[PDB]
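Step one of this worksheet: look at the structure below.
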Number of protein chains: 2
Amino acid sequence: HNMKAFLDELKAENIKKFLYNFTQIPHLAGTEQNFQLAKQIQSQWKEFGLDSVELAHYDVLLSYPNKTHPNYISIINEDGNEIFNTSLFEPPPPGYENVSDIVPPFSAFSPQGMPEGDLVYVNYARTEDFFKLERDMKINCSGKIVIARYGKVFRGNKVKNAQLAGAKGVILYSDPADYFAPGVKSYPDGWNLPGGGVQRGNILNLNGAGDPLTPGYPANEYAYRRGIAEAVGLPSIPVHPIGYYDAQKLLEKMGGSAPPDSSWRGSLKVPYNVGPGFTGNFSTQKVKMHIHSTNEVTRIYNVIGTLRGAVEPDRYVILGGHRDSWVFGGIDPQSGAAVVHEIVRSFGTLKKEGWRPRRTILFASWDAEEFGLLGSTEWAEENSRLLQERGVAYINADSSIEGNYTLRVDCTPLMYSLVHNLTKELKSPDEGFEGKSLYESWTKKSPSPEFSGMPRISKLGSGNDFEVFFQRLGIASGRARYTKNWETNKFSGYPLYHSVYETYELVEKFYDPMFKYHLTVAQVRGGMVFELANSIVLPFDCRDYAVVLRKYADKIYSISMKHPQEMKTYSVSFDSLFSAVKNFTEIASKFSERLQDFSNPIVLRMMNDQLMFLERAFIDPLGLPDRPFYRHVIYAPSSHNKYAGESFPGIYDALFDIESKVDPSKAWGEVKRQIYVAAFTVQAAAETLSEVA
Amino acid sequence: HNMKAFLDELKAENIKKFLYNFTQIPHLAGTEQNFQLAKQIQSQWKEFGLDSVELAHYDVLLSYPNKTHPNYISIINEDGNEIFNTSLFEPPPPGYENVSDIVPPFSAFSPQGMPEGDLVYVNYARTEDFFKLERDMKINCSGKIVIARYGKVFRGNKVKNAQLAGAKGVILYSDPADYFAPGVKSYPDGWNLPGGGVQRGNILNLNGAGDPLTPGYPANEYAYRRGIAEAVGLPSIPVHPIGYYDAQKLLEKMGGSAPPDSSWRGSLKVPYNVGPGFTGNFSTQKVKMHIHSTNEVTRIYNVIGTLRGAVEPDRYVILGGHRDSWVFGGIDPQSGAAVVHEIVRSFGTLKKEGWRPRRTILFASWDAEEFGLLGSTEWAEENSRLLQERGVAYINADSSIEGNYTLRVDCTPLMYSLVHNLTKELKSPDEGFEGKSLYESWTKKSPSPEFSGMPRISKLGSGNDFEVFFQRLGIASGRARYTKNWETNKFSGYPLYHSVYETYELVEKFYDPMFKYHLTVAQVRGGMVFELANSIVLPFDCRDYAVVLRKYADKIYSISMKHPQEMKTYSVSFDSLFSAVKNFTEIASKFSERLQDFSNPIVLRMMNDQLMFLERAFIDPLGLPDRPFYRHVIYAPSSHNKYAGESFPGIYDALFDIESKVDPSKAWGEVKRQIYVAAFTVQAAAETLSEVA
Ligand SMILES: *[C@@H]1O[C@H](CO)[C@@H](O[C@@H]2O[C@H](CO)[C@@H](O[C@@H]3O[C@H](CO[C@H]4O[C@H](CO)[C@@H](O)[C@H](O)[C@@H]4O)[C@@H](O)[C@H](O[C@H]4O[C@H](CO)[C@@H](O)[C@H](O)[C@@H]4O)[C@@H]3O)[C@H](O)[C@H]2NC(C)=O)[C@H](O)[C@H]1NC(C)=O
Ligand SMILES: *[C@@H]1O[C@H](CO)[C@@H](O[C@@H]2O[C@H](CO)[C@@H](O[C@@H]3O[C@H](CO[C@H]4O[C@H](CO)[C@@H](O)[C@H](O)[C@@H]4O)[C@@H](O)[C@H](O[C@H]4O[C@H](CO)[C@@H](O)[C@H](O)[C@@H]4O)[C@@H]3O)[C@H](O)[C@H]2NC(C)=O)[C@H](O)[C@H]1NC(C)=O
Ligand SMILES: *[C@@H]1O[C@H](CO[C@@H]2O[C@@H](C)[C@@H](O)[C@@H](O)[C@@H]2O)[C@@H](O[C@@H]2O[C@H](CO)[C@@H](O[C@@H]3O[C@H](CO)[C@@H](O)[C@H](O)[C@@H]3O)[C@H](O)[C@H]2NC(C)=O)[C@H](O)[C@H]1NC(C)=O
Ligand SMILES: *[C@@H]1O[C@H](CO[C@@H]2O[C@@H](C)[C@@H](O)[C@@H](O)[C@@H]2O)[C@@H](O[C@@H]2O[C@H](CO)[C@@H](O[C@@H]3O[C@H](CO)[C@@H](O)[C@H](O)[C@@H]3O)[C@H](O)[C@H]2NC(C)=O)[C@H](O)[C@H]1NC(C)=O
Ligand SMILES: *[C@@H]1O[C@H](CO)[C@@H](O[C@@H]2O[C@H](CO)[C@@H](O[C@@H]3O[C@H](CO)[C@@H](O)[C@H](O)[C@@H]3O)[C@H](O)[C@H]2NC(C)=O)[C@H](O)[C@H]1NC(C)=O
Ligand SMILES: *[C@@H]1O[C@H](CO)[C@@H](O[C@@H]2O[C@H](CO)[C@@H](O[C@@H]3O[C@H](CO)[C@@H](O)[C@H](O)[C@@H]3O)[C@H](O)[C@H]2NC(C)=O)[C@H](O)[C@H]1NC(C)=O
Ligand SMILES: *[C@@H]1O[C@H](CO)[C@@H](O[C@@H]2O[C@H](CO)[C@@H](O[C@@H]3O[C@H](CO)[C@@H](O)[C@H](O)[C@@H]3O)[C@H](O)[C@H]2NC(C)=O)[C@H](O)[C@H]1NC(C)=O
Ligand SMILES: *[C@@H]1O[C@H](CO)[C@@H](O[C@@H]2O[C@H](CO)[C@@H](O[C@@H]3O[C@H](CO)[C@@H](O)[C@H](O)[C@@H]3O)[C@H](O)[C@H]2NC(C)=O)[C@H](O)[C@H]1NC(C)=O
Ligand SMILES: *[C@@H]1O[C@H](CO)[C@@H](O[C@@H]2O[C@H](CO)[C@@H](O)[C@H](O)[C@H]2NC(C)=O)[C@H](O)[C@H]1NC(C)=O
Ligand SMILES: *[C@@H]1O[C@H](CO)[C@@H](O[C@@H]2O[C@H](CO)[C@@H](O)[C@H](O)[C@H]2NC(C)=O)[C@H](O)[C@H]1NC(C)=O
Ligand SMILES: *[C@@H]1O[C@H](CO)[C@@H](O)[C@H](O)[C@H]1NC(C)=O
Ligand SMILES: *[C@@H]1O[C@H](CO)[C@@H](O)[C@H](O)[C@H]1NC(C)=O
Ligand SMILES: *[C@@H]1O[C@H](CO)[C@@H](O)[C@H](O)[C@H]1NC(C)=O
Ligand SMILES: *[C@@H]1O[C@H](CO)[C@@H](O)[C@H](O)[C@H]1NC(C)=O
Ligand SMILES: [Ca+2]
Ligand SMILES: [Ca+2]
Ligand SMILES: [Cl-]
Ligand SMILES: [Cl-]
Ligand code: NA
Ligand code: NA
Ligand SMILES: [Zn+2]
Ligand SMILES: [Zn+2]
Ligand SMILES: [Zn+2]
Ligand SMILES: [Zn+2]
């Protein structure tokens, strides 16, 4: 009854069976079908042997198209005749043409409206794309409809950026440059996005809030709800996504300015002119959106399973991933949910033979992740006091695969050593690495840029259910999946992401026929949970935080040093931050020696508490500026791209575009304030590792 | 080596000697003399046997009069001649007439200015006093100098209230009605305030912030400081305190309206007319303030002593009280600091014989309490992560006596049972209770209004160093001292409070000749620390929180029920709050049964963690509205009087004066929001006491 027993019990064939089972019908958040699946998972987790399995429900703001009043976009003429209309639905894949309740493509939480106007093309609608338009090209987006390609950044940031440029609507589309890999065929004959394929997805800017109506508090039965006008994170302009056949029709007539360079050009046979408006012959034609989606408070259901710890039942190791999907969820999330299902089954097999983990393991099937991480966040808001005093670690479990090339791990530095050690004990599933470790194949394919013989591990970003646990509550968090080769593949994510084409057959035919990558990911996620829940000493190495803190302090200093004159004028010093990082390094080294040197369960648990509370020490209860639910001082989601992690975010944002601020004394004063905050937090975290008295 | 050993070692004669030692010269915060005393205490605590004794220093905003440009108030005539001037200093007491560095009376943090105008008399400058003036009497304070009697509420609230009435200056004075007990003589021949006596004291409204320049973060060497204009809590109008000889001269000429009733009349031979301005003959005479005090960043020093725990060194029981005084500090704080000194000495005697407490005891000598709880708050800001994960309890130790009648205890419900049990084991020092317990004399003199055979224990308010620990960090807190009979004594506090007359001789001659009340208070404070630090199971009873929660829910409901029509119109229900309190009651009862029913140190410590984190569960990380450092949802300092505790403060303030709000739908919506917040927090606290898995 050890990790090997746990790991050997996991079966590729089981994951395949569960994935099939979870992907036959859509499981849209807030729908009857997703409630039925919740009840199925609850029943089976009970069957598998968990001690208790409960549903936790909340009533949250969701968004749905109007079934009898469809969303679409038109090219209109001067008479007001609609001469081109975008599609009302994606052509369903082979054998699914009779499946009902496929939600048509839409941007969740768009307001209603029917704006008409001239088109401006804004590339990826990134902060720098808008800088280039407004500052360099002198193109004014005010009162224009903007058309943006999907890719590079979270779509919620694209919409915020368009809104602040004064756009009156946004059209998102999938360019073949970003969603069509050269030499591969469109679904169903390969894994590429067809011209009729469209990416669904919410366009909120919640900054960690959870349910737009109840920031701070769970959306329970007696919750007081904000009115819509005071809701968190809703867009103020209509937004709608389209495929590249339709996008070609909207872009082909574009006039005004040429694209400023080749990074603005996708792969369609159009000029990619920025606009505004169409070329001479068509200059009186306009674009008109028709958006009739509604926001509605709707009940959602999380499944929470508990496997009580034998020795420390009041210490929680959490394995969590979502269950709601946009349509069939063939990759996102059911490739993860099937992996979780099999992990529960394996742990339950051990439990039935009389085993218990040392610490309590909690298993979660989250709802409404696609609509803003709503299920995980309301649950964490309800249980925040238990989680912050008892939460050892959170391992996420969304999509198990986004490619078939190598492992991808994003996690806290506290988990680096755990991950290196676990992957050295696992077999590589890769062709050409037969009989070699996962560590060896991963390190070869994804080398660390700093250290030879080590693999690359990314900072956690966001856009997934670990956000409340890590950046709000400061619980050590990690995620792992199989991924593509980013070096040779210039497309954003996997092409069929959030489309009707993301099916069981996509996975079985193209991504993972033998379910070996799925099994490898179940071993990594399950193996991490196993060690976190069973190791006598928590498997965190504080010294790994010291190394990265120095790297981040060097990076942020280098950013500031682009402005040597202002650093002189305003006496901007990084000395305190470096001092704190030096101290952290020294105290962590001493703590590590003591951890190696002690039959005393109180000393042990005292030191396990120091390990557990170390991630917690990086939380500032005041939050980051205007983002009160991003409280971790070392890591926040980038303010320009929710998917990407940023280090020392408070200082990073204080420095960003600082040369453009009208009051440099004020701007540099805020840089200095954020330096103080960061140095203090690092020192305070370091001091939690000092001898306690 | 038990509590009896500890308690028997404490000596009245030692406390007397220490009090003498601490009160020969002034120990104003930020002065050399108070730094010297800090070093003396550090040396002696080392000598007494503590494991380590450190100074923790901060650089905080303090306030001092200008030595070469004195503060005073004048009656001026139409020519501009100053025909009456208030005193520049209090007549020094017998034998102290040559003591240097007695700070003259002033209001700390007053801005500078020389405003001239007509006087309005505003009674105690309470919220209801201003309601009566503006709403009922139709007297406009805008551009007037207000004169207010000290008493009833914290002076910072008086100043805020005058400021919001549009006053251009405030004059505070001590009326004999409030500071002269009938039949007792003025200092030095009794304990009454003489006509030349004046009460010093800060006039900030910090709402828990600590140093005005660094809210959230310790005022360390590299701190970024707000500019003065953005500082927390500073008054915007000049303020100065005077004695009743001077007040008589300012009040005797008052004209305009008569006092509205007898509750507006003090004891001086003047009419107590509200004004504005003087009676006919003197109507062209005006009042002029001259305030030249300066705010200055100044270094302060806390002494922190550690007695490391034998079994749980990572669990902290804190005994803390301040050392800085306005002048000699004969009662405030040195009657407390002498008691702490003797407690350290007794614990140290046991330690030298080989004993250690189970948990770590921290001893604190705080600085700058008189200037806004600055020393305790900066230290807690620096050490917040250690305190919130390890802080068992905080026992305050300011003035040991404010009367000689009976015991006064204000504490969390979690300490009620501890206090009842300890006082049953202590001898009463009272005349007529020889051979009886302290519990018996206390209960007889101060009966609980709810329960026969029980003593009254007040809610914690504020205006002392427990504020950061309790209302910011949610560490279980208590205080105890000897007090007067409030039923038969209508004067506010003790008469010589914060005056030069508060001396060693005041205490030795009038309050506590035999030092028996001091010894009784050392036994209570020390006995509490002893039990908290040594009891195997933490000596908190969660069921006592359940009883008070019901009492507070009844009270707040009763307030709302004065508005039955609005409760109907806006569907205002308290059902959720009562449900949560019912649940808390049931879960606490079950938790208590389990606590009685378990050789297992993990179960024990798990349950000790549940006990320790129960106060912590009442913290809301978002704080109360516009008071981010008041985070406890059950108890905050009253928004009308910092000294008084308010229960369910969020709901209380939402309901306060609600009939006057211009938008009732908005106002009642906020009542409902605060009901939701309170119900949720109570339920979430209850759930920390549930089985953990
Ligand atoms: C004091 O403690 C008790 C626990 O003993 C709490 O009681 C809960 O109260 C809420 C009501 O506020 C109940 O919520 C209701 O749940 C129903 C489904 O519950 C099932 O599933 C749960 C676990 O997932 C089981 O524990 C439970 O036994 C059931 O099997 C919903 O169907 C209800 O919604 C319907 O009615 C309401 C009200 O009319 C409508 O608004 C809805 O639209 C809907 O039609 C409802 O949500 C909950 O079941 C109770 N729990 C238990 C264990 O009994 C109190 O909440 C607590 N007080 C506070 C302040 O927390
Ligand atoms: C990394 O870790 C080290 C600890 O090893 C910290 O070092 C401390 O650094 C501060 C400076 O920022 C030092 O502060 C100075 O303290 C002097 C008095 O210290 C005495 O008392 C303490 C305990 O109370 C003892 O530990 C210490 O050994 C001394 O006996 C002050 O006199 C200094 O102030 C004077 O100089 C400054 C600077 O020129 C002026 O602005 C002042 O006006 C004043 O004249 C100063 O405040 C502290 O002593 C150091 N501690 C130790 C134990 O060595 C770093 O702070 C830490 N990094 C971070 C970011 O926290
Ligand atoms: C693009 O789509 C518009 C609107 O069409 C409507 O909405 C879509 C989402 C689909 O669900 C359609 O099935 C749905 O009709 C088209 O413009 C519309 O054309 C229709 C038919 O010509 C007009 O309806 C009526 O026409 C008859 C003529 O006999 C009259 O008796 C009625 O009085 C009424 O006018 C309708 O007015 C018009 N609507 C708008 C908003 O313009 C458009 O033809 C189509 N363009 C294409 C396919 O190129
Ligand atoms: C109330 O106090 C004022 C001001 O007095 C000054 O401040 C106090 C706090 C004390 O420290 C005083 O010692 C200090 O002087 C008095 O008004 C002031 O009176 C003096 C003397 O009459 C004036 O100074 C000078 O007078 C000589 C006359 O020979 C001239 O040569 C000088 O040019 C100069 O005027 C001073 O102007 C005047 N100041 C003001 C602000 O009014 C006031 O007499 C006193 N009232 C009492 C005791 O009833
Ligand atoms: C995915 O897998 C689950 C679990 O195997 C399937 O649900 C299960 O379906 C069977 C057959 O429909 C159910 O048994 C039936 O019970 C009813 C009475 O409740 C009875 O009338 C039938 O004769 C039969 O015995 C079973 O209840 C159900 N189990 C759970 C836990 O829900 C599900 O159908 C699969 N979905 C797909 C799309 O393959
Ligand atoms: C990942 O695996 C590495 C390598 O096994 C782990 O580091 C090793 O941990 C062991 C156990 O603490 C260390 O052993 C100690 O050695 C010293 C003798 O120098 C002795 O004082 C102790 O009693 C103990 O035997 C070992 O030194 C150490 N090896 C290295 C190279 O660091 C690491 O802990 C694992 N990481 C996690 C998170 O589990
Ligand atoms: C309050 O009590 C303290 C502690 O008893 C007194 O401080 C102590 O004073 C004595 C006598 O001044 C000091 O001893 C002296 O040391 C110096 C050299 O440092 C030497 O020149 C003298 O001959 C003598 O031995 C002692 O250092 C000092 N102790 C401490 C811990 O500060 C203090 O004077 C008392 N204050 C009052 C107002 O009574
Ligand atoms: C203050 O003192 C009271 C009275 O001594 C303490 O309550 C008493 O606590 C003891 C020890 O837990 C209880 O004894 C238990 O009795 C049951 C038998 O019914 C048994 O199951 C247990 O093994 C244990 O012997 C006793 O019942 C209880 N008495 C009352 C009247 O409640 C109280 O705990 C003290 N408070 C603090 C904070 O220490
Ligand atoms: C979906 O859109 C339709 C419009 O086609 C909405 O139905 C109309 O709503 C208005 C205002 O409430 C009524 O006056 C009309 O009588 C309705 N028309 C029809 C044809 O039913 C409908 O409310 C929307 N549905 C949802 C669920 O929001
Ligand atoms: C105390 O008050 C005096 C005024 O009597 C201040 O001293 C004057 O300050 C101004 C402006 O800085 C100078 O121009 C004068 O020359 C000073 N006068 C004298 C007589 O010295 C003084 O700054 C104040 N002191 C403090 C510590 O704030
Ligand atoms: C862009 O256009 C709007 C409306 O026509 C105008 O008010 C705004 O000032 C313009 N902004 C710039 C930067 O040119
Ligand atoms: C799977 O791997 C092969 C071999 O490298 C590659 O050519 C193919 O494109 C991969 N499939 C997917 C879906 O990434
Ligand atoms: C009080 O007086 C001021 C200034 O003379 C005036 O502006 C203000 O409106 C008055 N307020 C009331 C309530 O009468
Ligand atoms: C001390 O107690 C006596 C007897 O009750 C009382 O008359 C006297 O006023 C008290 N002294 C003080 C300072 O309260
Ligand atoms: Ca919420
Ligand atoms: Ca501060
Ligand atoms: Cl994931
Ligand atoms: Cl006190
Ligand atoms: Na398919
Ligand atoms: Na005296
Ligand atoms: Zn997902
Ligand atoms: Zn997704
Ligand atoms: Zn005091
Ligand atoms: Zn005081």
Handout entry: Yes/no for residue B:190 being surrounded by fewer than 24 Cβ atoms within 10 Å (Cβ to Cβ), touching a strand residue (DSSP E or B) at 6+ places or on another chain (Cβ under 7 Å) and assigned to a loop (DSSP other than H, G, I, E, B)
Key = no
Exercise for the section: Assess whether residue B:219 counts as being within 14 Å of another protein chain (Cβ to nearest Cβ) and within 27 Å of the chain's Cα centre (by Cα). Expected result: yes
Exercise for the section: Check A:361, A:318 and return the single one that is touching a helix residue (DSSP H, G or I) at 6+ places or on another chain (Cβ under 6 Å), within 17 Å of residue A:394 (Cβ to Cβ) and not acidic (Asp, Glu). Expected result: A:361
Handout entry: Contacts under 6 angstrom Cβ, first residue in region A:442-468 being under 16 Å from residue A:154 (Cβ atoms), partner of a type in the set (A, V, I, L, M) and more than 16 Å from ligand 6 (Cβ to nearest atom), 6 or more apart
Key = A:461/A:644; A:465/A:373; A:467/A:373
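Taking the stated definitions as given, is residue B:499 within 17 Å of the chain's Cα centre (by Cα) and surrounded by 24 or more Cβ atoms within 10 Å (Cβ to Cβ)?
Taking the combined requirement at face value, the residue does not satisfy it.
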Handout entry: region B:630-665: number of residues that are among the hydrophobic types (A, V, I, L, M, F, W, C), within 19 Å of the chain's Cα centre (by Cα) and surrounded by fewer than 23 Cβ atoms within 10 Å (Cβ to Cβ)
Key = 1
Practice task
Kindly provide the set of residues from region B:59-108 that are surrounded by 13 or more Cβ atoms within 10 Å (Cβ to Cβ) and among the β-branched types (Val, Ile, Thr), ordered by number.
Solution key: B:60, B:73, B:75, B:76, B:86, B:99, B:102, B:103
Exercise for the section: Within region A:475-494, identify whether any single residue is surrounded by 24 or more Cβ atoms within 10 Å (Cβ to Cβ), among the β-branched types (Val, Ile, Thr) and touching a strand residue (DSSP E or B) at 6+ places or on another chain (Cβ under 7 Å), and answer yes or no. Expected result: yes
Practice task
Kindly indicate whether residue A:514 is more than 30 Å from residue A:541 (Cα to Cα), away from ligand 17 (no atom under 16 Å from the Cβ) and surrounded by fewer than 17 Cβ atoms within 10 Å (Cβ to Cβ).
Solution key: yes
Handout entry: Wholly within region B:374-488, strands (runs of 3 or more DSSP E) carrying at least 1 residues that are more than 30 Å from residue A:681 (Cα to Cα) and away from ligand 17 (no atom under 16 Å from the Cβ)
Key = B:406-411, B:476-483
Completion exercise
Every listed condition ((1) under 29 Å from the mean Cα position of the chain (by Cα); (2) assigned by CATH to the domain that holds residue A:355) holds for residue A:111 save (2)
Problem - Number of the exception - residue A:677 against (1) more than 9 Å from every other protein chain (Cβ to nearest Cβ); (2) surrounded by 18 or more Cβ atoms within 10 Å (Cβ to Cβ); (3) more than 30 Å from residue A:202 (Cα to Cα); (4) of a type in the set (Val, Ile, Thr) - result: (1)
Handout entry: Options A:377, A:349; residue that is more than 26 Å from residue B:602 (Cβ to Cβ), surrounded by fewer than 24 Cβ atoms within 10 Å (Cβ to Cβ) and away from ligand 12 (no atom under 16 Å from the Cβ)
Key = A:349
Exercise for the section: Kindly indicate whether residue B:223 is in contact with a strand residue (DSSP E or B) (Cβ under 8 Å, 6 or more places away or on another chain) and either under 22 Å from residue B:65 (Cβ atoms) or away from ligand 13 (no atom under 16 Å from the Cβ) (or both). Expected result: yes
Exercise for the section: Report, by residue number, each residue of region B:114-134 that is more than 29 Å from the chain's Cα centre (by Cα) and under 19 Å from residue B:156 (Cβ atoms). Expected result: none
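Suppose we filter region B:559-579 for residues that are in a helix (DSSP H, G or I) and hydroxyl-bearing (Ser, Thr, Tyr); how many remain?
4
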Exercise for the section: Take region B:532-558 and flag every residue that is among the β-branched types (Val, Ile, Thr), more than 15 Å from residue B:681 (Cβ to Cβ) and buried (at least 16 other Cβ atoms within 10 Å of the Cβ). Expected result: B:547
Practice task
Return the only residue of B:496, B:506 being among the aliphatic types (A, V, I, L, M) and not in a loop (DSSP other than H, G, I, E, B).
Solution key: B:506
Practice task
Assess whether residue A:390 counts as being of a type in the set (D, E, K, R), more than 14 Å from the chain's Cα centre (by Cα) and either within 16 Å of ligand 6 (Cβ to nearest atom) or assigned by CATH to the domain that holds residue A:214 (or both).
Solution key: no
Practice task
Could you tell me whether residue A:305 is of a type in the set (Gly, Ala, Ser), away from ligand 15 (no atom under 16 Å from the Cβ) and more than 14 Å from every other protein chain (Cβ to nearest Cβ)?
Solution key: no
Exercise for the section: Considering each of A:386, A:374 in turn, give the residue that is within 14 Å of chain B (Cβ to nearest Cβ), away from ligand 9 (no atom under 16 Å from the Cβ) and out of contact with any helix residue (DSSP H, G or I) (no Cβ under 6 Å at 6 or more places or on another chain). Expected result: A:386
Fill in the blank from the handout: The condition of being touching a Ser or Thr at 6+ places or on another chain (Cβ under 7 Å), more than 30 Å from residue A:500 (Cα to Cα) and hydrophobic (A, V, I, L, M, F, W, C) holds, among A:223, A:229, only for A:223
Handout entry: Check on residue B:629, over 21 Å from residue B:393 (Cβ atoms) and within 14 Å of chain A (Cβ to nearest Cβ)
Key = no
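Listed here are the residues, each with its yes/no results for (1) within 16 Å of ligand 3 (Cβ to nearest atom); (2) in a loop (DSSP other than H, G, I, E, B); (3) surrounded by fewer than 21 Cβ atoms within 10 Å (Cβ to Cβ); (4) in the same structural domain as residue B:550 (by CATH).
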{"residue": "B:581", "(1), (2), (3), (4)": "no, no, no, yes"}
{"residue": "B:588", "(1), (2), (3), (4)": "no, no, no, yes"}
{"residue": "B:598", "(1), (2), (3), (4)": "no, yes, yes, yes"}
{"residue": "B:603", "(1), (2), (3), (4)": "no, no, yes, yes"}
Completion exercise
Being within 16 Å of ligand 17 (Cβ to nearest atom) and farther than 23 Å from residue A:143 by Cβ narrows A:309, A:305, A:321 down to just A:321
Handout entry: Complete set of residues in region A:495-517 that are among the charged types (D, E, K, R) and either touching a strand residue (DSSP E or B) at 6+ places or on another chain (Cβ under 8 Å) or within 16 Å of ligand 8 (Cβ to nearest atom) (or both)
Key = A:512
Exercise for the section: Report yes if some residue within region B:156-169 is surrounded by fewer than 18 Cβ atoms within 10 Å (Cβ to Cβ), within 30 Å of residue B:208 (Cβ to Cβ) and out of contact with any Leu (no Cβ under 6 Å at 6 or more places or on another chain); otherwise report no. Expected result: yes
Problem - So residue B:204, is it surrounded by fewer than 24 Cβ atoms within 10 Å (Cβ to Cβ), within 30 Å of residue B:287 (Cβ to Cβ) and assigned by CATH to the domain that holds residue B:90 - result: no
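Numbers and lists here come from the model and the stated rules, or from a named source; these are not laboratory values. FYI the Cβ positions are ideal-geometry reconstructions off the backbone, even for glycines, and counts take in every protein chain you see.
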